[PDB]
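2 protein chains.
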Amino acid sequence: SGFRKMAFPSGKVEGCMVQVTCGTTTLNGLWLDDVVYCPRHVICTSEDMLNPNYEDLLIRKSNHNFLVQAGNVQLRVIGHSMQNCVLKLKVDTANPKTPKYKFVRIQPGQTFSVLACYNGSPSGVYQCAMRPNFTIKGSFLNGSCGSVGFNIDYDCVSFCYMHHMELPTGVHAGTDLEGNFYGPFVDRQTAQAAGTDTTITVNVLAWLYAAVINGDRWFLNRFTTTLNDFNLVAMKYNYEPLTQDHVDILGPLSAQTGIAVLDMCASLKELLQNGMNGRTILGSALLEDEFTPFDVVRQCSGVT
Amino acid sequence: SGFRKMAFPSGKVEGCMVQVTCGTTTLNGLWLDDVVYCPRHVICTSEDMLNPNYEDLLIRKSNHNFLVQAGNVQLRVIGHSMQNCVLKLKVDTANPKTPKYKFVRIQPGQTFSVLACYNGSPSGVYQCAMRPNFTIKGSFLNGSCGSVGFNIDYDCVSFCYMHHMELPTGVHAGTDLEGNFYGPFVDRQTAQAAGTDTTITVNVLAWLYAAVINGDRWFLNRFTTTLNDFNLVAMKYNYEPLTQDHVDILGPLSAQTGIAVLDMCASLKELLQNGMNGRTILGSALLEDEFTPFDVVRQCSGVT
Ligand SMILES: *CC(=O)N[C@@H](CO)c1cccc(Cl)c1
Ligand SMILES: *CC(=O)N[C@@H](CO)c1cccc(Cl)c1
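Protein chains in written order, with the authors' numbering: chain A, 1 to 304; chain A', 1 to 304. A prime marks a further copy of an entry chain.
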């Protein structure tokens with residue numbers, strides 16, 4: 001027993017990290033097969049970031065301007081192309097450490113692990129959620145650009161995120177591995193509004209189930225609610241509306257604990273209206289929404 | 001910016017995980033050079049755990065009874081010895097993936113990453129602290145025995161913990177890599193008291209500094225305190241007494257922020273006496289003590 005904010009083992013991703021330098025800018029790249037992927041702003045100087053014309057800036061670069069180093073060894077760049085906000089540098093050597101992988105575009109509310117890197121070197125790994133407003137609340141310093149987010153299913157790494165920037169509010173924005181931003185963001189040094197965020201209701205419910213499984217049950221009550229009634233409360237507290245699709249994915253947790261989804265909704269409704277009254281759930285004094293129902297099942301069943 | 005409960009990249013440790021089976025019991029082992037380390041209770045059946053005589057149980061085992069598999073390949077066991085609560089199985093092949101490593105016995109209040117494993121396969125990684133009472137609050141299911149805790153300094157992995165058991169209270173106990181338990185615990189299926197735990201004061205202060213660095217400053221006040229006065233408050237709230245050694249290790253954070261350690265103590269004193277008043281600090285509604293001053297400096301400076 002016990003329930004932690006667990007990240008995937010990062011080894012398979014560590015083997016893909018490289019450093020990419022272009023001019024005086026250095027950031028991280030992801031070396032999979034014979035291609036290195038990195039944020040296209042590696043071609044910018046500080047003055048370029050105000051309003052970069054990436055097509056013109058990239059035209060001034062040749063293959064030999066992209067310096068790619070995998071730890072201590074240098075990669076030879078034989079091609080370069082821009083796809084959306086990512087640069088793809090074709091190298092003459094396939095990464096011998098390339099794991100089985102896929103590129104996926106995750107949905108808001110889904111979770112993933114981030115391998116924070118600097119200068120091509122891994123510093124740490126943490127789990128986070130893609131907020132409903134397509135930002136992430138990560139831990140990224142200058143030079144963390146190019147660090148990636150991923151999930152792992154047995155031997156396959158599904159890369160879902162590449163870090164690009166920090167908004168003036170301190171939250172983070174990035175792209176899928178095809179270089180498409182999550183959210184309305186553009187790779188430019190301009191103030192940009194992130195939408196109104198909400199709490200991921202299905203994840204809070206999943207975490208309440210994890211709490212019951214692991215022994216924290218004080219919040220269980222004698223009440224029930226309906227999807228309609230619960231959604232009036234969810235609206236008032238800036239929670240995502242719960243749908244039958246969310247109830248369906250909570251089914252395994254409802255079956256394991258014997259607590260009907262709408263009964264757990266009534267516990268969550270009471271917690272929203274009354275707070276925790278100085279108590280904690282799974283070591284938290286707030287309602288946690290960074291665990292999906294799948295994360296709860298995986299951790300509670302020991303999936304490797 | 002941003003501050004997360006970050007674990008070390010687990011790759012170097014993943015390469016050392018093996019499965020160890022003896023009779024009908026299977027758990028994890030750590031393969032470093034030509035030795036595999038694992039909890040000695042791998043030699044017990046369920047009936048043995050009530051009061052095991054490990055010396056007698058181990059006498060019934062020979063090298064060929066210890067089945068060690070590193071992923072898909074089998075290791076040949078050429079020796080076995082018990083050291084405290086760990087078994088050391090000498091194998092005929094040195095682990096080609098052995099990183100530079102050390103065995104360290106950590107102090108209470110220090111932090112480390114755990115690579116949760118099942119059947120020799122890594123499932124996840126998380127950061128935690130060794131509680132002042134020598135327990136850890138981890139996420140461990142049956143078969144997680146043998147999973148290890150570690151810290152990494154550039155290329156060196158310092159292994160500090162090997163998982164052995166879950167107390168009836170749901171907290172976890174284990175040993176250093178020489179098989180000495182942290183705390184008063186014995187490897188037996190008997191109810192065992194963990195001491196009164198306390199909150200790691202120096203870590204809470206370090207985390208308050210991380211909050212100021214990352215923009216959360218609402219808790220800063222116009223007050224100061226003394227070590228003596230603060231320690232009266234620490235005693236009342238079951239916090240560890242603060243010493244000048246703790247003030248000394250907070251020095252870099254005090255210098256960076258310009259907030260004297262005793263001034264931060266007065267903020268912590270006010271938070272203990274008044275609570276958070278429905279506010280949060282670094283996404284938490286309670287006072288976090290799983291970040292050491294070194295963790296805060298490392299994360300705030302991007303150490304790889
Ligand atoms: C990773 C990062 O923050 N990069 C910096 C440039 O170093 C940046 C600023 C503004 C926008 C973008 Cl896309 C990146
Ligand atoms: C890892 C674990 O919990 N092991 C179990 C036996 O499978 C155990 C029970 C009681 C004491 C000890 Cl040391 C281990």
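Don't be surprised by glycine CBs; every beta carbon is placed ideally from N, CA and C.
With 16 or more other Cβ atoms inside 10 Å of its own Cβ, A/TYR209 counts as buried.
Chain-ordered, the chain A' residues with CB closer than 9 Å to the CB of A/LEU141 read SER1, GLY2, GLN299, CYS300, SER301 and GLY302. In the three-state scheme derived from DSSP, where H, G and I count as helix and E and B as strand, A/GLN127 is classed as strand. Residues of chain A with a Cβ closer than 7 Å to the Cβ of A'/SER254 do not exist, since the nearest Cβ in that chain sits about 21 Å away. Checking the DSSP bridge columns, you'll see A/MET82 partnered with A/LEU87.
Interface with chain A (8 Å Cβ-Cβ cutoff): A'/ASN221 is excluded.
Interface annotation for the region 107-124 of chain A' against chain A: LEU115, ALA116, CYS117, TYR118, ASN119, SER121, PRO122, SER123 and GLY124, criterion Cβ-Cβ distance under 8 Å.
In this chain, the beta strand (DSSP E) harbouring A/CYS160 covers 156-166.
Our two residues, A/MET82 and A/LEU32, have alpha carbons roughly 16 Å apart in a direct line. Between A/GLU270 and A/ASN221, the CB-CB gap stays under 8 Å. Interface residue (Cβ-Cβ distance to chain A' less than 8 Å): A/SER158 is not classified as such. Under DSSP, A'/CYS117 shares a beta bridge with A'/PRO122. The closest heavy atom of ligand 1 lies less than 7 Å from the beta carbon of A/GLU166. The C-beta distance from A/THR198 to A/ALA173 rounds to 17 Å, too long to fall under 8 Å, and the pair is not in contact. Assignment of A/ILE136 by DSSP, reduced to helix, strand and coil, places it in the strand class. With distances taken between CA atoms, A'/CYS22 lies nearest to A'/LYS61 out of A'/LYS137, A'/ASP248 and A'/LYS61. Here the alpha carbons of A/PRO132 and A/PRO108 stand approximately 5 Å from one another. Within chain A', the residues placing a beta-carbon under 9 Å from that of A/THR280 are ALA285 and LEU286, ordered along the chain.
DSSP places A'/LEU27 in the uninterrupted beta strand (DSSP E) bounded by 25-32. The C-beta of A'/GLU240 has 16 or more other C-beta atoms within 10 Å across all chains shown, which makes the residue buried.
DSSP, reduced to helix, strand and coil, places A'/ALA285 outside both helices and strands of the structure shown, so it counts as coil.
If you check the CB distance, A/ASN28 and A/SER147 come in under 8 Å. The distance from the Cβ of A/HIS41 to that of A/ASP187 is about 5 Å, consistent with a contact at the 8 Å cut-off. At a C-beta separation below 8 Å, A/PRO9 has these neighbours in chain A': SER10, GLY11, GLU14, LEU115, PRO122, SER123, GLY124 and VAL125.
For A'/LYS137, a Cβ of chain A is located within less than 8 Å of the residue's own Cβ.
The alpha-carbon of A/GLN299 is positioned some 15 Å away from that of A/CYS128. The residues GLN83, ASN84, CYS85 and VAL86, in chain order, have a CB closer than 6 Å to that of A'/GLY179 in the same chain once the five nearest residues on each side in sequence are set aside. Comparing alpha carbon positions, the residue from A/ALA234, A/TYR237, A/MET165 and A/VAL261 closest to A/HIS246 is A/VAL261.
For A/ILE213, the enclosing alpha helix (DSSP H) covers residues 201-213. Classified as buried, A/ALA7 has 16 or more neighbouring CB atoms from the shown chains inside 10 Å of its CB. The shortest C-alpha to C-alpha distance from A/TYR101 to any of A/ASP56, A/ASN151 and A/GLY138 is the one to A/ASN151. In chain A', no part has a C-beta under 7 Å from the C-beta of A/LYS100; the shortest such distance is about 15 Å. Within the region 172-184 of chain A, those residues whose Cβ lies closer than 9 Å to any Cβ of chain A' are, in chain order, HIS172.
Residue environment: A/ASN63 is assigned as exposed (fewer than 16 neighbouring CB atoms within 10 Å of its CB, all protein chains considered). Proximity of A'/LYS236 to chain A, defined by a Cβ-Cβ separation below 8 Å, is not satisfied.
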